[PDB]
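Enquirer: Supplied structure: protein.cif, mmCIF, C-alpha atoms.
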```
data_start
loop_
_atom_site.label_atom_id
_atom_site.label_comp_id
_atom_site.auth_asym_id
_atom_site.auth_seq_id
_atom_site.Cartn_x
_atom_site.Cartn_y
_atom_site.Cartn_z
CA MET A 324 -17.53 -2.60 38.95
CA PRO A 325 -17.77 0.29 36.47
CA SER A 326 -19.96 3.28 37.36
CA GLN A 327 -23.46 3.92 36.03
CA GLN A 328 -22.15 7.05 34.32
CA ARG A 329 -19.73 5.10 32.07
CA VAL A 330 -22.03 2.07 31.68
CA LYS A 331 -24.55 4.64 30.38
CA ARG A 332 -21.91 6.22 28.08
CA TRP A 333 -21.45 2.90 26.28
CA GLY A 334 -25.10 3.28 25.21
CA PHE A 335 -24.44 6.78 23.84
CA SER A 336 -22.65 5.61 20.73
CA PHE A 337 -20.78 2.58 19.40
CA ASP A 338 -17.57 4.63 19.42
CA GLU A 339 -17.93 5.03 23.20
CA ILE A 340 -17.83 1.25 23.62
CA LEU A 341 -14.82 0.96 21.32
CA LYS A 342 -12.93 3.67 23.25
CA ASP A 343 -13.48 2.21 26.72
CA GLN A 344 -11.59 -1.07 27.22
CA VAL A 345 -13.97 -2.31 29.94
CA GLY A 346 -17.05 -1.62 27.77
CA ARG A 347 -15.26 -3.20 24.84
CA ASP A 348 -14.50 -6.34 26.87
CA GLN A 349 -18.19 -6.53 27.80
CA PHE A 350 -19.15 -6.09 24.15
CA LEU A 351 -16.67 -8.84 23.27
CA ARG A 352 -18.26 -11.32 25.71
CA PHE A 353 -21.61 -10.48 24.07
CA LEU A 354 -20.19 -11.08 20.59
CA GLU A 355 -18.81 -14.41 21.83
CA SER A 356 -22.34 -15.49 22.84
CA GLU A 357 -23.47 -14.28 19.37
CA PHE A 358 -20.62 -16.15 17.64
CA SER A 359 -19.49 -12.90 15.96
CA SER A 360 -16.42 -12.02 18.05
CA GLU A 361 -14.13 -12.42 15.02
CA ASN A 362 -15.42 -9.01 13.83
CA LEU A 363 -14.15 -7.20 16.91
CA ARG A 364 -10.89 -9.16 17.07
CA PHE A 365 -10.23 -8.28 13.43
CA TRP A 366 -11.00 -4.61 14.01
CA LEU A 367 -8.72 -4.63 17.07
CA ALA A 368 -5.95 -6.45 15.16
CA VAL A 369 -6.05 -3.86 12.38
CA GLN A 370 -5.95 -0.96 14.90
CA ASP A 371 -2.87 -2.57 16.46
CA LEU A 372 -1.28 -2.89 12.99
CA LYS A 373 -1.43 0.90 12.61
CA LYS A 374 0.71 1.30 15.74
CA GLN A 375 3.47 -1.18 14.65
CA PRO A 376 7.12 -0.32 13.96
CA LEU A 377 7.76 -0.32 10.18
CA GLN A 378 9.95 -3.42 10.31
CA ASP A 379 7.09 -5.46 11.85
CA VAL A 380 4.28 -4.48 9.46
CA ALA A 381 4.80 -7.04 6.67
CA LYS A 382 4.74 -9.95 9.09
CA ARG A 383 1.75 -8.61 10.98
CA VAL A 384 -0.21 -8.11 7.76
CA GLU A 385 0.42 -11.75 6.80
CA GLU A 386 -0.67 -12.87 10.31
CA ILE A 387 -3.90 -10.86 10.10
CA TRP A 388 -4.63 -12.27 6.63
CA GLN A 389 -3.92 -15.84 7.78
CA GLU A 390 -6.03 -15.42 10.97
CA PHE A 391 -9.10 -13.74 9.42
CA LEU A 392 -9.13 -13.95 5.60
CA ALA A 393 -7.01 -16.74 4.12
CA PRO A 394 -8.46 -20.03 2.98
CA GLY A 395 -8.79 -22.15 6.11
CA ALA A 396 -8.55 -19.07 8.38
CA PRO A 397 -9.44 -19.97 11.99
CA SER A 398 -11.43 -16.73 12.49
CA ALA A 399 -13.03 -16.14 9.08
CA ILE A 400 -14.68 -12.76 8.58
CA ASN A 401 -17.10 -11.96 5.78
CA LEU A 402 -16.35 -9.01 3.50
CA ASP A 403 -18.14 -7.58 0.51
CA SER A 404 -16.36 -8.84 -2.62
CA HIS A 405 -14.93 -5.38 -3.30
CA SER A 406 -13.07 -4.93 -0.02
CA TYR A 407 -11.97 -8.59 -0.17
CA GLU A 408 -10.38 -8.15 -3.60
CA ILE A 409 -8.73 -4.88 -2.56
CA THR A 410 -7.45 -6.45 0.65
CA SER A 411 -6.13 -9.49 -1.20
CA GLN A 412 -4.30 -7.32 -3.74
CA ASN A 413 -2.78 -5.14 -0.97
CA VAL A 414 -1.54 -8.22 0.87
CA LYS A 415 -0.17 -9.78 -2.33
CA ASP A 416 1.42 -6.49 -3.54
CA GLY A 417 3.14 -6.14 -0.16
CA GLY A 418 4.24 -2.54 -0.71
CA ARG A 419 5.86 -3.22 -4.10
CA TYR A 420 3.63 -0.66 -5.89
CA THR A 421 4.33 2.21 -3.50
CA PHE A 422 5.76 4.25 -6.46
CA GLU A 423 3.09 3.41 -9.11
CA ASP A 424 1.93 6.94 -9.96
CA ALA A 425 5.46 8.35 -9.62
CA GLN A 426 6.91 5.71 -11.95
CA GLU A 427 4.17 6.32 -14.53
CA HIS A 428 4.81 10.08 -14.49
CA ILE A 429 8.56 9.48 -15.00
CA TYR A 430 7.94 6.83 -17.68
CA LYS A 431 5.80 9.34 -19.59
CA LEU A 432 8.40 12.09 -19.05
CA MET A 433 11.23 10.00 -20.53
CA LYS A 434 9.01 8.89 -23.43
CA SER A 435 7.83 12.40 -24.34
CA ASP A 436 10.90 14.51 -23.42
CA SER A 437 14.03 12.32 -23.79
CA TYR A 438 13.26 9.41 -26.13
CA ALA A 439 12.80 11.33 -29.43
CA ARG A 440 15.87 13.44 -28.61
CA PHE A 441 17.98 10.28 -28.16
CA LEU A 442 16.97 9.11 -31.62
CA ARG A 443 18.13 12.43 -33.10
CA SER A 444 21.41 12.25 -31.18
CA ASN A 445 24.76 11.64 -32.81
CA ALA A 446 25.25 9.10 -30.02
CA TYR A 447 22.42 7.04 -31.56
CA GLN A 448 22.77 7.91 -35.27
CA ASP A 449 26.51 7.05 -35.19
CA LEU A 450 25.46 3.47 -34.27
CA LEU A 451 23.17 3.22 -37.33
CA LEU A 452 26.24 2.61 -39.49
CA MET B 324 28.80 -4.19 -31.38
CA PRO B 325 25.01 -4.65 -31.59
CA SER B 326 23.46 -5.39 -35.00
CA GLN B 327 21.70 -2.86 -37.21
CA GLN B 328 18.49 -4.84 -36.78
CA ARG B 329 18.36 -4.28 -32.99
CA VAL B 330 19.85 -0.76 -33.15
CA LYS B 331 16.92 -0.04 -35.51
CA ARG B 332 14.44 -1.72 -33.11
CA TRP B 333 15.36 0.77 -30.38
CA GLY B 334 13.94 3.44 -32.71
CA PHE B 335 10.67 1.52 -33.10
CA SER B 336 9.33 2.42 -29.69
CA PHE B 337 10.54 3.59 -26.28
CA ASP B 338 9.52 0.22 -24.83
CA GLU B 339 12.02 -1.47 -27.17
CA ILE B 340 14.85 0.54 -25.62
CA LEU B 341 13.65 -0.25 -22.10
CA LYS B 342 13.47 -4.00 -22.88
CA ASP B 343 16.95 -4.31 -24.38
CA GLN B 344 19.69 -3.81 -21.77
CA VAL B 345 22.29 -2.71 -24.35
CA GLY B 346 19.91 -0.10 -25.85
CA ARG B 347 18.97 0.96 -22.34
CA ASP B 348 22.63 1.44 -21.40
CA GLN B 349 23.07 3.58 -24.51
CA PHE B 350 19.98 5.59 -23.59
CA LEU B 351 21.41 5.99 -20.08
CA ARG B 352 24.70 7.43 -21.38
CA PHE B 353 22.59 9.89 -23.41
CA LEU B 354 20.55 10.86 -20.34
CA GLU B 355 23.83 11.39 -18.46
CA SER B 356 24.92 13.93 -21.10
CA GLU B 357 21.44 15.50 -20.74
CA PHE B 358 21.69 15.50 -16.92
CA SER B 359 18.40 13.56 -16.68
CA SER B 360 19.68 10.05 -15.86
CA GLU B 361 17.93 10.13 -12.47
CA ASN B 362 14.65 9.47 -14.34
CA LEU B 363 15.87 6.17 -15.75
CA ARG B 364 17.61 5.11 -12.55
CA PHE B 365 14.41 5.76 -10.62
CA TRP B 366 12.32 3.81 -13.12
CA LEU B 367 14.83 0.95 -12.96
CA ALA B 368 14.91 1.06 -9.14
CA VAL B 369 11.11 0.81 -8.97
CA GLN B 370 11.07 -2.13 -11.46
CA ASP B 371 13.60 -3.90 -9.24
CA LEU B 372 11.41 -3.21 -6.18
CA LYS B 373 8.59 -5.22 -7.79
CA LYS B 374 10.87 -8.28 -7.95
CA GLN B 375 11.99 -8.14 -4.25
CA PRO B 376 11.27 -10.76 -1.59
CA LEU B 377 8.54 -9.50 0.78
CA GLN B 378 10.92 -9.16 3.73
CA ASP B 379 13.12 -6.72 1.74
CA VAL B 380 10.42 -4.38 0.42
CA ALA B 381 10.11 -1.94 3.35
CA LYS B 382 13.83 -1.23 3.39
CA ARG B 383 14.03 -0.90 -0.37
CA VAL B 384 11.11 1.54 -0.43
CA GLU B 385 12.88 3.74 2.14
CA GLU B 386 16.11 3.56 0.08
CA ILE B 387 14.29 4.60 -3.11
CA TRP B 388 12.58 7.48 -1.28
CA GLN B 389 15.88 8.63 0.26
CA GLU B 390 17.75 8.36 -3.09
CA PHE B 391 15.17 10.08 -5.34
CA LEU B 392 12.48 11.93 -3.35
CA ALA B 393 13.45 12.85 0.21
CA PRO B 394 14.64 16.30 1.18
CA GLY B 395 18.34 16.40 0.31
CA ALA B 396 18.00 13.38 -2.02
CA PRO B 397 21.18 12.89 -4.09
CA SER B 398 19.19 12.05 -7.27
CA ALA B 399 16.12 14.28 -7.00
CA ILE B 400 13.33 13.58 -9.48
CA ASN B 401 10.48 15.95 -10.23
CA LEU B 402 6.91 14.70 -9.84
CA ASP B 403 3.56 16.36 -10.31
CA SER B 404 2.26 17.33 -6.86
CA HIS B 405 -0.39 14.61 -7.01
CA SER B 406 1.93 11.64 -7.47
CA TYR B 407 4.36 13.17 -4.95
CA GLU B 408 1.69 13.39 -2.25
CA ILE B 409 0.45 9.87 -3.00
CA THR B 410 4.01 8.53 -2.96
CA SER B 411 4.79 10.30 0.30
CA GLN B 412 1.65 8.92 1.96
CA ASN B 413 2.41 5.37 0.72
CA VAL B 414 5.94 5.56 2.09
CA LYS B 415 4.75 7.02 5.41
CA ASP B 416 1.83 4.53 5.72
CA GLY B 417 4.27 1.67 5.14
CA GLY B 418 1.59 -0.98 4.63
CA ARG B 419 -0.30 -0.13 7.84
CA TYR B 420 -3.55 0.62 5.94
CA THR B 421 -3.63 -2.64 3.98
CA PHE B 422 -7.02 -3.49 5.61
CA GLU B 423 -8.70 -0.02 5.34
CA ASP B 424 -11.79 -1.01 3.33
CA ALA B 425 -12.12 -4.34 5.14
CA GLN B 426 -11.94 -2.69 8.57
CA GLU B 427 -14.53 -0.07 7.56
CA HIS B 428 -16.94 -2.78 6.34
CA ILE B 429 -16.54 -4.68 9.63
CA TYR B 430 -16.83 -1.48 11.71
CA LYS B 431 -20.13 -0.71 9.96
CA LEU B 432 -21.28 -4.32 10.38
CA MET B 433 -20.71 -4.30 14.16
CA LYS B 434 -22.35 -0.86 14.46
CA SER B 435 -25.47 -1.77 12.48
CA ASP B 436 -25.87 -5.49 13.35
CA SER B 437 -24.37 -6.09 16.83
CA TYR B 438 -24.26 -2.78 18.74
CA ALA B 439 -28.02 -2.16 19.19
CA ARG B 440 -28.50 -5.83 20.11
CA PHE B 441 -25.86 -5.54 22.86
CA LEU B 442 -27.74 -2.62 24.38
CA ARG B 443 -30.93 -4.71 24.50
CA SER B 444 -29.05 -7.64 26.04
CA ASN B 445 -29.52 -8.78 29.61
CA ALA B 446 -25.71 -8.82 29.71
CA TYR B 447 -25.77 -5.02 29.30
CA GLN B 448 -29.07 -4.12 31.04
CA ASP B 449 -28.05 -6.12 34.15
CA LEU B 450 -25.10 -3.69 34.51
CA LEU B 451 -27.43 -0.65 34.46
CA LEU B 452 -28.31 -1.36 38.09
#
```
Using structure tokens, write down the structure from this file.
Expert:
Amino acid sequence: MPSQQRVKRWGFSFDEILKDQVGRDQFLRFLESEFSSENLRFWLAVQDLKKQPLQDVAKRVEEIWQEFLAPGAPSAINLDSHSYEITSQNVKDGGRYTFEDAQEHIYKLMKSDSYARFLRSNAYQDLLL
Amino acid sequence: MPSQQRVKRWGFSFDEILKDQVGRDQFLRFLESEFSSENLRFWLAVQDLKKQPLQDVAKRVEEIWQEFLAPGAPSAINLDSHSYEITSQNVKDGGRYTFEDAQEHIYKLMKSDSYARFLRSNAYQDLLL
């Protein structure tokens, strides 16, 4: 069995249960009797995602979405609409907007600092007849 | 050659140059004489990223970072510190925080709605002796 000292520590804070795998397994059996175990399994799945090699992330994200959030998901969780929409966008985006702010800065830089100069260039003006 | 009508359209707005591949190539040759072509190549690289199959994104992101932003990058661009730090975090994160808001909502849900109930459970209390 586990000691009284650690069994007591689980009742100190929720974080203490999450940190101790035996307390967490006990909590999980409780959630199963509550029919709310999908919450812990999702949380655990997302923690595991953070530890994944880069090359495995995209697949794991899709698996988490399909398991917990997609239409017809076998372990549907309930989110506030805000975090659902953000999550759905992140999953759909799939890393493709990693350089959004950077690209916007550079777009503005070219527009303000290079574009008007081009138009004044002989390179350009020589084309205009 | 290109017509006067389209050559003129390039001077209508910067977006018109970016849309027309012949105007864009002309702009690029100008940037090369300005030694600022890395700005356009970065912008173009990021546009191409948005069109990539999911399985290719992670690699392409690392290639863009290495080409334009990493220490010792062959085509160094200059960003404001803010977009640099955001970009660097996005690249490092690598999709692993796709479920950040969702996980936080579920963490709070378990803490508020399930945790205290567990502690009151016979499941738990039976362990305490």
Enquirer: Can you tell me, as an NGL selection string, what residues are no more than 8 Å from stretch 399-412 of chain A when counting all atoms listed in the file, ignoring any on the same chain fewer than 2 positions away?
Expert: (:A and (361-362 or 365 or 390-393 or 395-397 or 414-416)) or (:B and (421-422 or 424-425 or 428-429))
Enquirer: Go ahead and write the residues just picked, C-alpha atoms, as a compact mmCIF listing (two decimals), in the coordinates of the input.
Expert:
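After the write, part-v6.txt holds the following:
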```
# COMPACT_ATOMS: atom_id res chain seq x y z
CA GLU A 361 -14.13 -12.42 15.02
CA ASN A 362 -15.42 -9.01 13.83
CA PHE A 365 -10.23 -8.28 13.43
CA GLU A 390 -6.03 -15.42 10.97
CA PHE A 391 -9.10 -13.74 9.42
CA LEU A 392 -9.13 -13.95 5.60
CA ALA A 393 -7.01 -16.74 4.12
CA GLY A 395 -8.79 -22.15 6.11
CA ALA A 396 -8.55 -19.07 8.38
CA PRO A 397 -9.44 -19.97 11.99
CA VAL A 414 -1.54 -8.22 0.87
CA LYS A 415 -0.17 -9.78 -2.33
CA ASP A 416 1.42 -6.49 -3.54
CA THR B 421 -3.63 -2.64 3.98
CA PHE B 422 -7.02 -3.49 5.61
CA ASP B 424 -11.79 -1.01 3.33
CA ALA B 425 -12.12 -4.34 5.14
CA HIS B 428 -16.94 -2.78 6.34
CA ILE B 429 -16.54 -4.68 9.63
```
Enquirer: Once chain B has been least-squares superposed onto chain A, matching all their Cα atoms in order, can you return it as a PDB file with C-alpha atoms, in the frame of the given file?
Expert:
```pdb
ATOM      1  CA  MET B 324     -17.532  -2.600  38.957  1.00  0.00           C
ATOM      2  CA  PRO B 325     -17.768   0.286  36.460  1.00  0.00           C
ATOM      3  CA  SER B 326     -19.961   3.281  37.354  1.00  0.00           C
ATOM      4  CA  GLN B 327     -23.457   3.918  36.030  1.00  0.00           C
ATOM      5  CA  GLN B 328     -22.150   7.046  34.320  1.00  0.00           C
ATOM      6  CA  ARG B 329     -19.728   5.104  32.071  1.00  0.00           C
ATOM      7  CA  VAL B 330     -22.032   2.074  31.684  1.00  0.00           C
ATOM      8  CA  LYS B 331     -24.556   4.641  30.376  1.00  0.00           C
ATOM      9  CA  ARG B 332     -21.916   6.224  28.084  1.00  0.00           C
ATOM     10  CA  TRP B 333     -21.453   2.901  26.284  1.00  0.00           C
ATOM     11  CA  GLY B 334     -25.096   3.282  25.210  1.00  0.00           C
ATOM     12  CA  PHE B 335     -24.443   6.779  23.840  1.00  0.00           C
ATOM     13  CA  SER B 336     -22.651   5.607  20.734  1.00  0.00           C
ATOM     14  CA  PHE B 337     -20.779   2.579  19.397  1.00  0.00           C
ATOM     15  CA  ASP B 338     -17.571   4.631  19.418  1.00  0.00           C
ATOM     16  CA  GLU B 339     -17.928   5.029  23.199  1.00  0.00           C
ATOM     17  CA  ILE B 340     -17.826   1.253  23.620  1.00  0.00           C
ATOM     18  CA  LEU B 341     -14.816   0.952  21.317  1.00  0.00           C
ATOM     19  CA  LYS B 342     -12.922   3.669  23.249  1.00  0.00           C
ATOM     20  CA  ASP B 343     -13.473   2.214  26.718  1.00  0.00           C
ATOM     21  CA  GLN B 344     -11.593  -1.070  27.215  1.00  0.00           C
ATOM     22  CA  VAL B 345     -13.969  -2.304  29.945  1.00  0.00           C
ATOM     23  CA  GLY B 346     -17.056  -1.620  27.770  1.00  0.00           C
ATOM     24  CA  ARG B 347     -15.255  -3.199  24.839  1.00  0.00           C
ATOM     25  CA  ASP B 348     -14.505  -6.337  26.864  1.00  0.00           C
ATOM     26  CA  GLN B 349     -18.185  -6.524  27.795  1.00  0.00           C
ATOM     27  CA  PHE B 350     -19.152  -6.089  24.147  1.00  0.00           C
ATOM     28  CA  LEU B 351     -16.672  -8.846  23.266  1.00  0.00           C
ATOM     29  CA  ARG B 352     -18.256 -11.313  25.713  1.00  0.00           C
ATOM     30  CA  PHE B 353     -21.608 -10.482  24.071  1.00  0.00           C
ATOM     31  CA  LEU B 354     -20.186 -11.080  20.586  1.00  0.00           C
ATOM     32  CA  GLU B 355     -18.811 -14.415  21.836  1.00  0.00           C
ATOM     33  CA  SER B 356     -22.342 -15.484  22.834  1.00  0.00           C
ATOM     34  CA  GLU B 357     -23.472 -14.276  19.375  1.00  0.00           C
ATOM     35  CA  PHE B 358     -20.617 -16.147  17.643  1.00  0.00           C
ATOM     36  CA  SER B 359     -19.486 -12.906  15.951  1.00  0.00           C
ATOM     37  CA  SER B 360     -16.418 -12.016  18.054  1.00  0.00           C
ATOM     38  CA  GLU B 361     -14.138 -12.416  15.021  1.00  0.00           C
ATOM     39  CA  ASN B 362     -15.419  -9.007  13.824  1.00  0.00           C
ATOM     40  CA  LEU B 363     -14.148  -7.208  16.909  1.00  0.00           C
ATOM     41  CA  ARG B 364     -10.897  -9.156  17.065  1.00  0.00           C
ATOM     42  CA  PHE B 365     -10.224  -8.283  13.435  1.00  0.00           C
ATOM     43  CA  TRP B 366     -10.994  -4.610  14.012  1.00  0.00           C
ATOM     44  CA  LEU B 367      -8.721  -4.632  17.068  1.00  0.00           C
ATOM     45  CA  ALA B 368      -5.956  -6.456  15.161  1.00  0.00           C
ATOM     46  CA  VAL B 369      -6.051  -3.859  12.372  1.00  0.00           C
ATOM     47  CA  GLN B 370      -5.948  -0.957  14.905  1.00  0.00           C
ATOM     48  CA  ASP B 371      -2.871  -2.566  16.455  1.00  0.00           C
ATOM     49  CA  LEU B 372      -1.285  -2.892  12.988  1.00  0.00           C
ATOM     50  CA  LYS B 373      -1.430   0.905  12.605  1.00  0.00           C
ATOM     51  CA  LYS B 374       0.715   1.298  15.740  1.00  0.00           C
ATOM     52  CA  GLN B 375       3.477  -1.181  14.650  1.00  0.00           C
ATOM     53  CA  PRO B 376       7.114  -0.319  13.951  1.00  0.00           C
ATOM     54  CA  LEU B 377       7.755  -0.320  10.177  1.00  0.00           C
ATOM     55  CA  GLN B 378       9.957  -3.421  10.308  1.00  0.00           C
ATOM     56  CA  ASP B 379       7.087  -5.457  11.847  1.00  0.00           C
ATOM     57  CA  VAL B 380       4.281  -4.479   9.465  1.00  0.00           C
ATOM     58  CA  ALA B 381       4.799  -7.045   6.675  1.00  0.00           C
ATOM     59  CA  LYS B 382       4.736  -9.959   9.094  1.00  0.00           C
ATOM     60  CA  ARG B 383       1.752  -8.611  10.982  1.00  0.00           C
ATOM     61  CA  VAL B 384      -0.210  -8.110   7.760  1.00  0.00           C
ATOM     62  CA  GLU B 385       0.414 -11.752   6.799  1.00  0.00           C
ATOM     63  CA  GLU B 386      -0.664 -12.869  10.306  1.00  0.00           C
ATOM     64  CA  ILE B 387      -3.903 -10.860  10.095  1.00  0.00           C
ATOM     65  CA  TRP B 388      -4.633 -12.270   6.624  1.00  0.00           C
ATOM     66  CA  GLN B 389      -3.920 -15.838   7.782  1.00  0.00           C
ATOM     67  CA  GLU B 390      -6.032 -15.422  10.970  1.00  0.00           C
ATOM     68  CA  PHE B 391      -9.104 -13.736   9.420  1.00  0.00           C
ATOM     69  CA  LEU B 392      -9.132 -13.949   5.602  1.00  0.00           C
ATOM     70  CA  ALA B 393      -7.006 -16.734   4.124  1.00  0.00           C
ATOM     71  CA  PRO B 394      -8.457 -20.027   2.978  1.00  0.00           C
ATOM     72  CA  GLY B 395      -8.792 -22.155   6.111  1.00  0.00           C
ATOM     73  CA  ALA B 396      -8.547 -19.077   8.377  1.00  0.00           C
ATOM     74  CA  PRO B 397      -9.431 -19.971  11.990  1.00  0.00           C
ATOM     75  CA  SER B 398     -11.432 -16.726  12.487  1.00  0.00           C
ATOM     76  CA  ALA B 399     -13.025 -16.146   9.082  1.00  0.00           C
ATOM     77  CA  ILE B 400     -14.682 -12.766   8.572  1.00  0.00           C
ATOM     78  CA  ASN B 401     -17.101 -11.961   5.779  1.00  0.00           C
ATOM     79  CA  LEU B 402     -16.346  -9.015   3.497  1.00  0.00           C
ATOM     80  CA  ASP B 403     -18.137  -7.577   0.510  1.00  0.00           C
ATOM     81  CA  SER B 404     -16.358  -8.836  -2.618  1.00  0.00           C
ATOM     82  CA  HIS B 405     -14.933  -5.378  -3.291  1.00  0.00           C
ATOM     83  CA  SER B 406     -13.065  -4.931  -0.016  1.00  0.00           C
ATOM     84  CA  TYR B 407     -11.967  -8.587  -0.164  1.00  0.00           C
ATOM     85  CA  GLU B 408     -10.385  -8.152  -3.595  1.00  0.00           C
ATOM     86  CA  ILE B 409      -8.730  -4.882  -2.566  1.00  0.00           C
ATOM     87  CA  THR B 410      -7.448  -6.460   0.650  1.00  0.00           C
ATOM     88  CA  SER B 411      -6.128  -9.495  -1.199  1.00  0.00           C
ATOM     89  CA  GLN B 412      -4.302  -7.323  -3.742  1.00  0.00           C
ATOM     90  CA  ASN B 413      -2.786  -5.144  -0.972  1.00  0.00           C
ATOM     91  CA  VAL B 414      -1.538  -8.214   0.871  1.00  0.00           C
ATOM     92  CA  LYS B 415      -0.169  -9.782  -2.329  1.00  0.00           C
ATOM     93  CA  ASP B 416       1.416  -6.488  -3.536  1.00  0.00           C
ATOM     94  CA  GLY B 417       3.134  -6.133  -0.161  1.00  0.00           C
ATOM     95  CA  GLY B 418       4.243  -2.536  -0.708  1.00  0.00           C
ATOM     96  CA  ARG B 419       5.864  -3.224  -4.098  1.00  0.00           C
ATOM     97  CA  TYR B 420       3.628  -0.668  -5.887  1.00  0.00           C
ATOM     98  CA  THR B 421       4.332   2.216  -3.507  1.00  0.00           C
ATOM     99  CA  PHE B 422       5.759   4.249  -6.457  1.00  0.00           C
ATOM    100  CA  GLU B 423       3.084   3.403  -9.116  1.00  0.00           C
ATOM    101  CA  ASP B 424       1.937   6.946  -9.954  1.00  0.00           C
ATOM    102  CA  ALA B 425       5.455   8.355  -9.620  1.00  0.00           C
ATOM    103  CA  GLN B 426       6.919   5.714 -11.945  1.00  0.00           C
ATOM    104  CA  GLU B 427       4.168   6.313 -14.526  1.00  0.00           C
ATOM    105  CA  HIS B 428       4.818  10.083 -14.490  1.00  0.00           C
ATOM    106  CA  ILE B 429       8.557   9.489 -14.997  1.00  0.00           C
ATOM    107  CA  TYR B 430       7.944   6.833 -17.684  1.00  0.00           C
ATOM    108  CA  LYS B 431       5.800   9.343 -19.594  1.00  0.00           C
ATOM    109  CA  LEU B 432       8.391  12.085 -19.045  1.00  0.00           C
ATOM    110  CA  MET B 433      11.236  10.007 -20.529  1.00  0.00           C
ATOM    111  CA  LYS B 434       9.008   8.898 -23.430  1.00  0.00           C
ATOM    112  CA  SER B 435       7.827  12.400 -24.342  1.00  0.00           C
ATOM    113  CA  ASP B 436      10.901  14.508 -23.414  1.00  0.00           C
ATOM    114  CA  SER B 437      14.030  12.319 -23.782  1.00  0.00           C
ATOM    115  CA  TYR B 438      13.259   9.407 -26.136  1.00  0.00           C
ATOM    116  CA  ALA B 439      12.797  11.331 -29.424  1.00  0.00           C
ATOM    117  CA  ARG B 440      15.867  13.441 -28.604  1.00  0.00           C
ATOM    118  CA  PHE B 441      17.980  10.286 -28.157  1.00  0.00           C
ATOM    119  CA  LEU B 442      16.976   9.104 -31.617  1.00  0.00           C
ATOM    120  CA  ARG B 443      18.128  12.422 -33.107  1.00  0.00           C
ATOM    121  CA  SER B 444      21.406  12.244 -31.179  1.00  0.00           C
ATOM    122  CA  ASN B 445      24.759  11.647 -32.810  1.00  0.00           C
ATOM    123  CA  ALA B 446      25.248   9.096 -30.020  1.00  0.00           C
ATOM    124  CA  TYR B 447      22.415   7.040 -31.555  1.00  0.00           C
ATOM    125  CA  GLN B 448      22.770   7.914 -35.275  1.00  0.00           C
ATOM    126  CA  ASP B 449      26.506   7.048 -35.187  1.00  0.00           C
ATOM    127  CA  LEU B 450      25.460   3.471 -34.267  1.00  0.00           C
ATOM    128  CA  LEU B 451      23.167   3.217 -37.326  1.00  0.00           C
ATOM    129  CA  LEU B 452      26.238   2.606 -39.482  1.00  0.00           C
TER     130      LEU B 452
END
```
Enquirer: What does the distance from atom CA of residue A:433 to atom CA of residue B:331 come to in Å, to one decimal?
Expert: 18.9 Å
Enquirer: From the set A:327, A:398, A:389, A:448, which residue has the shortest atom-to-atom contact distance to chain B, counting all atoms listed in the file?
Expert: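 Going through A:327, A:398, A:389, A:448 one by one, the smallest distance to chain B is for A:327.
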Enquirer: In Å, rounded to a single decimal, give me how far atom CA of residue A:349 is from atom CA of residue A:370.
Expert: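 Separating atom CA of residue A:370 from atom CA of residue A:349 is a distance of 18.6 Å.
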Enquirer: Any idea what the distance is between atom CA of residue A:330 and atom CA of residue B:450?
Expert: 7.1 Å
Enquirer: Find the residues near residue A:354: any atom within 10 Å, counting all atoms listed in the file, skip ones fewer than 4 places away on the same chain, and give them as a list in words.
Expert: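 Counting all atoms listed in the file, the residues come to residues 348, 349, 350, 358, 359, 360, 361, 362 and 363 of chain A; 433, 437, 438, 440 and 441 of chain B.
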Enquirer: Check the smallest atom-to-atom distance from each of B:341, B:351, B:436, B:430 to residue A:364 using all atoms listed in the file, then report the winner.
Expert: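 For residue A:364, the nearest of the candidates is B:430.
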Enquirer: At a cut-off of 10 Å, can you tabulate as a tab-separated table every residue of stretch 345-452 of chain B near stretch 373-388 of chain A together with its closest atom pair and the distance in Å to one decimal, using only C-alpha atoms and ordering rows by chain then number?
Expert:
```
residue	atom	partner	partner_atom	distance
B:377	CA	A:381	CA	7.4
B:378	CA	A:381	CA	7.1
B:379	CA	A:381	CA	9.7
B:380	CA	A:381	CA	8.8
B:381	CA	A:378	CA	7.1
B:382	CA	A:378	CA	8.2
B:415	CA	A:377	CA	9.3
B:416	CA	A:373	CA	8.4
B:417	CA	A:377	CA	6.4
B:418	CA	A:380	CA	6.5
B:419	CA	A:373	CA	5.0
B:420	CA	A:373	CA	7.0
B:421	CA	A:384	CA	7.5
B:422	CA	A:384	CA	8.5
```
Enquirer: Taking only C-alpha atoms into account, name the residue in A:344, A:426, A:326, A:356 that is nearest to chain B.
Expert: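 Once distances to chain B are computed over only C-alpha atoms, the minimum belongs to A:426.
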Enquirer: Find, counting only C-alpha atoms, the residue in B:452, B:345, B:369, B:340 that gets nearest to residue A:434.
Expert: B:340
Enquirer: May I have the centre and edge lengths, in Å to one decimal, of an axis-aligned box around the listed atoms of stretch 415-422 of chain B with 6 Å added to every side, as lines of an AutoDock Vina configuration file?
Expert:
```
center_x = -1.1
center_y = 1.8
center_z = 5.9
size_x = 23.8
size_y = 22.5
size_z = 15.9
```
